[PDB]
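So the structure is just underneath, and the comments pick up after that.
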Amino acid sequence: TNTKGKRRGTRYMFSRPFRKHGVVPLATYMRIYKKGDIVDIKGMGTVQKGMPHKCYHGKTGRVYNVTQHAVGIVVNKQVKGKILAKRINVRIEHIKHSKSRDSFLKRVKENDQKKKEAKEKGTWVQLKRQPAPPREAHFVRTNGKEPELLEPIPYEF
Amino acid sequence: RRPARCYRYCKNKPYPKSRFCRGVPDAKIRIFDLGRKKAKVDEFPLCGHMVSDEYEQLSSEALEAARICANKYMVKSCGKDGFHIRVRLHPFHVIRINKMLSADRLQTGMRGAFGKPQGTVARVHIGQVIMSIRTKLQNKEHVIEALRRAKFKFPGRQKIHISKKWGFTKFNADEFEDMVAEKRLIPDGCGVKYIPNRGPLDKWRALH
Amino acid sequence: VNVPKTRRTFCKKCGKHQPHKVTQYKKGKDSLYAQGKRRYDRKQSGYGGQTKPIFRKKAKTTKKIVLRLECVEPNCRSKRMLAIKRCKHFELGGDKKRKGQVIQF
RNA sequence: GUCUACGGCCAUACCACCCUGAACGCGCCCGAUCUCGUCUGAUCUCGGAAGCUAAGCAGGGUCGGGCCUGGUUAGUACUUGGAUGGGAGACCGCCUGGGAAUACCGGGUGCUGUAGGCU
RNA sequence: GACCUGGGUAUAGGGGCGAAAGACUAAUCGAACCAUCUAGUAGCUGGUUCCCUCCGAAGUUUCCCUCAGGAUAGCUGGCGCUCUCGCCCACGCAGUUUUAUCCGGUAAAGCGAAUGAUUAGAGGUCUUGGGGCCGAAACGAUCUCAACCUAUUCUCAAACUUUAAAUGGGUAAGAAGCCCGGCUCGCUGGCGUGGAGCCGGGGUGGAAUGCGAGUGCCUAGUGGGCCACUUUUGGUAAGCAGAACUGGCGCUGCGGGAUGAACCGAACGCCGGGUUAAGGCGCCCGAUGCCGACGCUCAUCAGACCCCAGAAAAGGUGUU
RNA sequence: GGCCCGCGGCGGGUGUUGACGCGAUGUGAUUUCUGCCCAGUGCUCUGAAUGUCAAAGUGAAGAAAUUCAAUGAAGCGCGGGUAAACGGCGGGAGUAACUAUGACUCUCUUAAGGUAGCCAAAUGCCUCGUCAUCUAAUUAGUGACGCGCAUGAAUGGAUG
RNA sequence: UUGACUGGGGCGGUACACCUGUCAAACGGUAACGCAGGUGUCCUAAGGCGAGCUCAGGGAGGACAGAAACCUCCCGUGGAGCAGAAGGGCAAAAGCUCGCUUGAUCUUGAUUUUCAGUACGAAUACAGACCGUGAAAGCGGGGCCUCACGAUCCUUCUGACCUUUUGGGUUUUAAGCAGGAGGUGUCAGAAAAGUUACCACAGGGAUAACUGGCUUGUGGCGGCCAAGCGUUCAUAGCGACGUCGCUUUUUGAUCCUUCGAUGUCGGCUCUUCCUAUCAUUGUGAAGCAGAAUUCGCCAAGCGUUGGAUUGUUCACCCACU
RNA sequence: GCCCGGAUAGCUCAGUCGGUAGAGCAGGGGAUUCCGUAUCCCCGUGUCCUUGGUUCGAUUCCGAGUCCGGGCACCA
RNA sequence: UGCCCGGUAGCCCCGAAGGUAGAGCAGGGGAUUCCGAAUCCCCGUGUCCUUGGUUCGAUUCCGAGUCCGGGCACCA
RNA sequence: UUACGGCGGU
Ligand SMILES: [Mg+2]
Ligand SMILES: [Mg+2]
Ligand SMILES: [Mg+2]
Ligand SMILES: [Mg+2]
Ligand SMILES: [Mg+2]
Ligand SMILES: [Mg+2]
Ligand SMILES: [Mg+2]
Ligand SMILES: [Mg+2]
Ligand SMILES: [Mg+2]
Ligand SMILES: [Zn+2]
């Protein structure tokens with residue numbers, strides 16, 4: 173029916189976006205991937221040698237293996253009724269650093285040190301984050317003028 | 002040719018004449034402007050549109066009978082070369098025919114059911130103009146009656162709307178003469194070429 | 038497909054790259070007294086007729102041509118096999134083509 | 001205040017035309033005996049240092065064209081969920097939450113890394 | 001008379017006999033009858049015997065001479081087991097939101113942006129294609145259609161696209177985390193470099209809400225599905241064929257839709273009192289037998305309540 | 001000996017028979033004709049003319065199993081015959097002094113290209129063919145016609 | 001013994017193994033005998049590396065020379081090429097030309113894709129040899145990527161100074177071990193012609209041939225608009241180009257009911273119903289003088305025949321009315 | 001009432017190599033012969049079916065309409 | 001699956017084994033005849049299905065590698 | 001051995 177081919181539904185997603193064709197920027201290769209670095213997968217279209225599949229494009233995994241030109245990444249794949257820890261070799265052009273934990277890594281760094289500021293100063297700063305609370309009972313001011321009377325416009329085509 | 006009840010309401014995704022179709026006959030409309038096409042902008046100030054009320058398909062063949070019905074009427078009172086009729090929507094949607102019994106069950110059943118091209122229709126949206134004529138301001142009542150006779154050849158519902166613009170342009174007719182006068186608009190035939198104040202200054206020296 | 042008369046490849050008997058003679062392989066004489074021929078000749082004997090399937094519904098028109106690589110350096114004399122993706126027309130030493138012809142069909 | 005060598009981000013850096021360029025540099029340049037390469041010392045390679053900022057290059061300019069950024073367009077077009085809503089239908093309005101795109105208008109026009117020299 | 005018949009006689013089952021019809025062969029013949037092998041085989045029909053309690057499906061994946069069937073995974077039940085809460089913090093998890101951070105090319109929009117279609121005029125001129133003349137003849141001299149270009153303008157695209165939503169998808173939101181000290185390496189290599197590993201030490205309150213989890217074995221039934229929102233393919237359409245998401249029916253009674261598989265409420269142990277939902281309240285038929293409010297409408301075919309069971313264009317000095 | 005039966009026998013049937021016989025087919029009285037094709041399929045016949053072709057036997061190599069070579073029965077292949085054997089009997093080009101047609105000429109396929117007769121027949125789709133006749137009226141009937149989907153010569157043709 | 005799929009089966013086709021764009025509803029997945037196509041190859045270079053170069057096109061020039069030869073300059077973001085079907089990719093390049101080469105070699109595992117999370121096939125990242133190229137970094141273990149292929153059993157060849165050939169030795173032979181090939185296109189892989197009107201059995205409304213039901217293309221019957229027809233004059237009567245419905249007396253589409261059976265064409269016979277009215281009753285309008293006709297209205301009360309041909313419904317003809 | 005090739009002078013017909021519209025019958029005019037037959041030669045006659053597209057080039061290629069003939073034909 | 005044969009001018013066919021490419025047909029011309037018809041002669045017409053190989057050059061001579069047409073064998 | 005034709009009227 174449906175031609176179960178590798179690289180099948182990627183008429184658009186294995187393409188360079190627009191006016192970013194040509195040869196690749198070189199700081200793509202001067203990235204440092206250690207074990208446990210959380211990386212996400214976005215397969216390009218210029219390098220043919222190590223593009224993953226159309227199931228990992230847009231997903232995020234974690235580096236378990238580092239070699240000369242590629243990186244082993246352990247991702248989760250939704251197959252029918254269970255998800256599977258799967259491990260793929262992907263060349264280094266197709267990935268980047270996930271910034272999803274990098275806004276967690278600030279608030280473990282500036283949270284551990286602000287904890288020990290309350291031990292020298294003596295308070296209960298409550299360093300845990302809260303959601304957006306309901307708005308405070310504030311006070312609006314119509315100083316000078318009076319409010320504007322608006323009304324719905326008539327219908328004209 | 003089947004009735005237009007069969008080929009009405011926009012059901013299929015649009016299927017135009019391309020290298021994938023390759024078997025489509027010609028549309029019965031081939032000319033689209035039929036008044037005095039050569040006129041300038043100030044020669045016909047007002048215009049009057051007919052505007053669709055519903056989202057349907059008008060056939061290429063119905064647009065033929067409508068513009069003949071309006072060009073015939075407006076040479077009778079407004080006279081030959083005293084108007085400029087323009088039919089605005091163009092037929093690009095190719096309808097298909099499942100031409101069976103080509104009295105027998107013998108050809109197929111519904112087996113190979115994708116049909117052959119049979120005509121062209123124009124998909125029209127709610128609020129989209131179909132025809133548009135422009136005349137003198139003295140001939141305003143003949144605009145409505147020409148569009149009134151034309152709407153009996155269309156399915157569905159259409160309303161006739163006397164516009165707020167200057168002819169077939171996009172600028173309002175109240176301040177058109179106020180603003181073509183000094184510099185901002187130049188007339189090029191039956192249209193208006195808006196000039197901004199942001200080009201090279203050399204063409205501003207070419208103006209004045 | 039044109040693959041030449043000589044070829045420098047790896048031979049396992051010494052463990053080097055060194056040249057070879059490459060020729061087309063043929064299937065060889067189907068010998069009697071093999072185990073599945075000694076079995077087939079006693080099963081097919083007697084009454085009963087044809088006793089194992091004779092295949093007739095042939096579909097492929099080519100064969101994977103294989104080459105025998107004979108190691109050329111003396112006192113080795115060690116052969117092997119190597120395959121190529123299948124082809125219809127198989128030349129061995131036929132005049133390496135130049136890219137400046139005047140083809141003229 | 002700039003340049004050279006090597007770079008990063010890859011048009012706010014491009015393209016067309018036009019003005020200016022102290023000093024070091026980069027170039028144009030002047031030559032084929034060797035190295036080398038050609039139909040051709042044009043290119044490439046090699047020896048120079050009489051000239052010249054003419055060009056490239058660098059700065060600036062253009063109611064410039066692109067590009068970048070923001071207004072309008074527009075709470076519009078679409079859309080999540082909802083109704084024993086409307087309508088013969090096609091479609092529409094409301095409730096609940098999100099929410100664009102062009103024309104049109106304006107503002108911008110390379111930023112910096114390491115090493116070295118002029119000023 | 002190639003006549004009709006009695007009795008005797010011969011021909012016996014893949015055989016007989018036939019002026020031929022596959023006729024006849026003991027009411028049996030396109031292969032007799034009788035007994036046996038034999039309770040022959042059947043992916044196909046029909047049937048399959050007491051009660052109560054508790055849990056509770058599937059019509060989909062892949063392979064098969066597979067398509068009326070099986071093997072396989074899913075869904076199911078039974079058996080447990082490992083533990084957690086019993087009495088300034090849950091080990092953990094989630095068909096959820098938030099906080100960030102990625103991903104995507106559909107709706108829309110766009111084509112005075114590329115590809116592909118497409119209408120109209122304007123302006124300009126190298127020209128040829130063709131006309132108009134000064135004329136033996138002279139790219140000596142003067143116009144028109146076209147073509148070409150330039151700036152605009154009308155209309156589009158499942159297999160076009162700069163731009164680009166809503167819904168959606170992934171990850172992260174701590175003790176397996178953070179920091180420090182040292183030492184192994186045959187890997188890497190200007191370098192007490194780099195990276196892994198190992199040992200030791202230091203500080204636990206790290207979004208909202210809800211909830212007890214983890215784990216193994218054995219395993220039946222199922223493998224024809226059907227309907228409705230919304231999204232969509234073929235078709236003129238279909239109570240038509242085929243998908244997507246969710247809910248239902250099948251397996252499910254009850255109240256309302258007169259009637260009913262699927263609509264609207266709502267899910268069920270056996271009762272008493274109270275209240276409601278959807279829907280109603282002339283009389284069948286419980287409830288307006290309210291001194292209900294405001295209008296619209298007269299039909300010689302009135303109208304009358306989701307799905308749902310009857311109507312369009314057009315028209316009316318009928319009334320509002 | 002031919003044609004047959006038969007598990008078996010030189011056992012039986014035709015056969016107490018002998019070519020005016022027995023056995024096997026086809027067509028179907030009489031009268032009258034039975035045209036053309038041996039390529040195909042059969043059948044048949046012949047010469048160490050000859051390709052392919054099994055065992056057994058012959059020769060070689062070998063320790064032997066074995067291997068190899070040579071030689072060559074019928075059959076098929078090759079050549080002839082045969083259609084009262086099964087069957088087949090289409091096209092295409094030129095060509096007559098009106099057009100039309102083709103007595104004539106020449107080709108292909110594959111051997112030959114439907115002769116004499118007969119027909120909308122129990123065989124003709126179109127078709128209720130056309131014309132005549134019969135009836136007031138005829139998809140009927142009969143008689144004619146004849147590039148006859150797809151007539152035709154012991155598949156017997158036409159008669160009577 | 002006589003494949004399967006199949007809007008019944010047959011004929012056809014391959015939707016039976018595989019690839020591209022779409023469908024597909026912005027992760028992935030997703031159907032139809034849905035759309036547009038392709039595949040059973042080809043290549044010692046079209047593989048590998050390195051170097052140099054720039055393409056399609058257009059302009060302006062140059063003996064013949066012209067739309068098309070070659071030479072030169074300029075512009076030229078890919079508008080060309082990359083074997084081929086498409087899509088993606090590519091510019092001191094993955095293209096074009098040249099110079100060396102065989103990494104299209106040897107070997108163990110891991111992983112991805114299809115997926116049951118099995119296999120083949122294809123692919124990816126390594127690791128260990130041995131090589132090629134380049135000044136070198138590097139790149140290379142086939143084709144720029146997405147397709148281009150195949151189990152067990154058997155055969156055959158190759159490999160080690162290998163194991164077993166049964167009481168022990170020697171030698172042929174035979175069997176093993178490891179991996180290439182000889183295939184199963186119905187492509188997870190049986191060894192395969194019909195016919196049955198003489199037929200039979202087990203079934204199936206999962207499945208055709210009737211009626212019915214939904215639908216109404218097609219048939220039939222109407223409405224609207226009105227350029228023209230009608231001497232004049234759109235509308236007495238018509239009416240093109242359109243366009244909106246109705247009906248289920250036609251034909252189809254469908255496959256819901258019926259296969260442990262609903263007796264299947266036509267004629268005869270007889271009854272009742274419908275109106276979309278041929279006649280008759282009462283009317284209105286004409287391009288209605290009369291007569292004869294036509295178009296409408298209330299209207300189904302009452303009538304709507306006799307025959308030749310044909311099984312015919314239908315058709316056609318004679319005659320009455 | 002579905003499909004395959006054709007639309008061309010008075011007719012009829014081939015070729016319309018992507019570059020002309022040319023055989024031939026009918027008429028015209030000659031020549032021929034004592035005169036005619038036949039003959040032989042020359043002249044006439046092409047929207048190359050209609051429109052749109054593809055190059056100093058299309059009747060010719062590509063496919064739209066119209067027309068003309070020639071045809072796929074199940075069990076029930 | 002190996003054995004056994006055959007491959008040409010524009011179409012059939014001669015040989016041919018070590019020494020040249022030849023009967024007929026068709027085309028184009030002559031000649032013959034008072035003239036046609038028949039007839040006779042001449043031209044033009046050839047990598048022999050294509051890659052090699054000793055001798056002495058070479059389609060052959062030679063058997064090989066190749067493609068068209070035909071042989072009797074049969075285990076995935 | 002092969003040798004077939006010769007427009008009409010004058
Ligand atoms: Mg030199
Ligand atoms: Mg030199
Ligand atoms: Mg120089
Ligand atoms: Mg300078
Ligand atoms: Mg300067
Ligand atoms: Mg500047
Ligand atoms: Mg600007
Ligand atoms: Mg919604
Ligand atoms: Mg609801
Ligand atoms: Zn060796």
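Residue numbers (the numbering used here), protein chains in the order written: chain A, 173 to 329; chain B, 2 to 209; chain C, 38 to 142.
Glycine residues also receive a C-beta, built at the ideal position from the N, C-alpha and C atoms.
Quick one: Cα of C:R76 to Cα of C:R117, how far? Locating residue 76 of chain C in the third sequence gives position 39, counting from the first residue. Locating residue 117 of chain C in the third sequence gives position 80, counting from the first residue. C:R76 and C:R117: Cα-Cα distance of roughly 30 angstroms.
Please check the pair B:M51 and B:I86, which I expect to be a contact at CB under 8 angstroms, by giving their CB distance rounded to whole angstroms. On the second sequence, position 50 is the one that residue 51 of chain B refers to. On the second sequence, position 85 is the one that residue 86 of chain B refers to. At roughly 11 angstroms, the Cβ-Cβ gap does not stay under 8 angstroms, so B:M51 and B:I86 are not in contact.
Should A:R259 go down as buried or exposed, given a rule of 16 or more other Cβ atoms within 10 Å for buried? Against the first sequence, residue 259 of chain A aligns to sequence position 87. It is exposed - the Cβ of A:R259 has fewer than 16 other Cβ atoms within 10 Å.
Beta-carbon proximity check, C:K94 vs C:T88, cutoff 9 angstroms: Locating residue 94 of chain C in the third sequence gives position 57, where the first residue counts as 1. Locating residue 88 of chain C in the third sequence gives position 51, where the first residue counts as 1. No, the pair does not count as a contact, with Cβ atoms beyond the cut-off.
Where does A:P224 land, buried or exposed, given buried means 16+ other C-beta within 10 angstroms? In the first sequence, the residue the question calls residue 224 of chain A occupies position 52. A:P224 is buried by the Cβ-count criterion.
Where does C:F47 fall in DSSP's three states? By one-based count along the third sequence, residue 47 of chain C stands at place 10. DSSP places C:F47 in strand when its eight states are reduced to three.
Ordered along the chain, which non-local residues of its own chain (more than five positions away) have a Cβ less than 6 angstroms from that of C:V103? Translated into positions along the third sequence, residue 103 of chain C becomes position 66. Its chain contains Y62, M118 and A120 as the residues whose beta carbon lies nearer than 6 angstroms to that of C:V103, once the 5 sequence neighbours on both sides are disregarded; these appear in chain order.
Identify every run of the beta strand (DSSP E) within the segment 65 to 145 of chain B, keeping only runs that are complete inside it and at least 3 residues long; order them along the chain. 85 to 88, 94 to 98, 117 to 125 and 130 to 136
My output table needs one value for B:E62: the three-state DSSP class, helix, strand or coil. The residue given as residue 62 of chain B occupies position 61 in the second sequence. Reduced to three states, the DSSP call for B:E62 is helix.
Drop a sphere of 10 angstroms on the beta-carbon of B:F177, count the other beta-carbons inside from all chains shown, and report buried for 16 or more, exposed for fewer. Taking the first residue of the second sequence as position 1, residue 177 of chain B is located at position 176. Buried, since its Cβ has 16 or more Cβ neighbours within 10 Å.
Which same chain residues end up closer than 7 angstroms to B:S164 when comparing Cβ atoms and leaving out the 5 residues on each side of it in sequence? Reading the second sequence from its first residue, position 163 is the one you call residue 164 of chain B. So the qualifying residues of the chain are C48, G49 and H50.
Taking just the CA atoms, how far does B:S19 sit from B:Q58? Here residue 58 of chain B corresponds to residue number 57 of the second sequence, with the count starting at 1. Here residue 19 of chain B corresponds to residue number 18 of the second sequence, with the count starting at 1. Rounded to whole angstroms, B:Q58 to B:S19 spans 20 angstroms at the Cα level.
Here's a check: name, in chain order, each residue in its chain whose Cβ is nearer than 7 angstroms to the Cβ of B:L208, leaving out the five neighbours to either side. Within the second sequence, residue 208 of chain B is the residue found at index 207, counting from 1. Taken in chain order, the residues that qualify are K184.
Alpha-carbon to alpha-carbon, C:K74 and C:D67: For the purposes of this step, residue 67 of chain C is taken as the residue at position 30 of the third sequence. For the purposes of this step, residue 74 of chain C is taken as the residue at position 37 of the third sequence. The alpha-carbon atoms of C:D67 and C:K74 are separated by roughly 9 angstroms.
What's the call for B:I30, buried or exposed, on a 16-neighbour Cβ count within 10 Å? Translated into positions along the second sequence, residue 30 of chain B becomes position 29. Buried.
Quick one: any contact between the segment 204 to 221 of chain A and the segment 236 to 246 of chain A, if contact means 3 or more CB pairs under 8 angstroms? yes
CA nearest to the CA of B:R9, picked from B:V122, B:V130, B:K194 and B:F169: The residue you call residue 9 of chain B lines up with position 8 of the second sequence. Nearest option by C-alpha distance: B:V122.
Checking the sheet assignment: what are the DSSP bridge partners for C:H57? Translated into the one-based positions of the third sequence, residue 57 of chain C becomes position 20. Partner(s): C:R44 and C:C108.
Can B:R150 and B:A71 be called in contact, C-beta distance under 9 angstroms? Here residue 150 of chain B is taken as the residue at index 149 of the second sequence, counted from 1. Here residue 71 of chain B is taken as the residue at index 70 of the second sequence, counted from 1. A contact, by the Cβ cut-off of 9 angstroms.
At a cut-off of 8 angstroms, is C:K50 close to ligand 10 when judged by its beta-carbon and the heavy atoms of the ligand? Position 13 of the third sequence, counting from 1, holds the residue named residue 50 of chain C. Indeed, a heavy atom of ligand 10 lies less than 8 angstroms from the Cβ.
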